Structures are given as C-alpha cells and as structure tokens.
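Only one chain is given next, in structure tokens, and it is the form deposited in one PDB entry.
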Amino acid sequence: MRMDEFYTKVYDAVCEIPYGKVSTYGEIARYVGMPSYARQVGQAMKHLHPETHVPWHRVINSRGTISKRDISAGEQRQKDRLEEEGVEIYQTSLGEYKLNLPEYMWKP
C-alpha cells in the first residue's frame, strides 16, 4: 500500500470513532492493517487542516495522555473539544492532560 491511500484509510477509521469515545495512534495503525505505523498516524493527524471534519481530537497516545506535540502547543484545543464531548480529563504533576482509557477507549 502507498502513502496517500494509508492516509485516506486512517482518516476513514478516525472518522469512525464514536462521539465521546477515543482511540490511539497505535490502535488505528493496527486497525487499518499496519500495526508498525503508529508514528505515521501521528503525522496523518498532524497534516490535517483546521477546517477538517475529521475527528483528530479523538486520537491520543497509548498512555491515555494527549500526545506532547511540542511544536504548536496549541493542542490545548484538543482538550477543549474533548471536554465538550463530555470526556473528562485532568492535568498531572509535570503538566500534561490525561484521562481514563479503559472507559473512553473505543472498543470496536
């Protein structure tokens, strides 16, 4: 499979995560049949434009935290979105935001 397809397949899968659930880079990656490709799902999400109607906020790492995402710390926005979805998050010592995976985890 070529990139650009992959992407389309990701976004498809991401568009499938239910309102108020979530998944992880890792899961998605395996979902679309390329388990080794977490990081890239990462990047697929990165490249989307704001105007997207693709649920990129519903994807976080396997440690139930909002991925660091150093460049453009304006990922604060991912938090907001997720709260208004009802999902409930808190911070940590060392900052970060985090939630209860077993609950919110989309178990397809």
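Definition used throughout: the rigid core is the maximal C-alpha set that superposes within 1.5 Å between two forms. Residues that one form lacks are left out of the comparison. Note that residue numbering begins at 1 and tracks the sequence as displayed.
Mean temperature factor over C-alpha atoms, higher-scoring stretch between 59-67 and 73-81:
Looking at the recorded C-alpha B-factors, 73-81 comes out higher on average.
Look over 93-101 and 15-23 in the entry and identify the one with the greater average Cα temperature factor.
Taking the mean C-alpha B-factor of 93-101 and of 15-23, the larger value falls to 93-101.
Per the coordinate record, which of the options 30, 39, 53, 49 holds the highest CA temperature factor?
49 has the highest C-alpha B-factor of those listed.
Below, we turn to the form deposited in another entry, even though it does not appear here.
Just checking, between this form and the one not shown and with the core aligned, does residue 68 shift 2 Å or more at the CA?
Yes.
If the C-alpha spacing of residue 74 and residue 12 moves by 3 Å or more in that other deposited form, is that a move closer or farther apart?
Between the C-alphas of residue 12 and residue 74, the gap narrows in that other deposited form (3 Å or more compared with this form).
Are residue 16 and residue 69 closer or farther apart at the Cα level in that other deposited form than shown, by 3 Å or more?
Compared with this form, residue 16 and residue 69 lie farther apart in that other deposited form.
Mobile segments between this form and the one not shown [3+ consecutive residues, each C-alpha shifted 2 angstroms or more, core superposed]:
Once the cores are aligned, run 67-74 is the only one whose C-alphas move by at least 2 Å.
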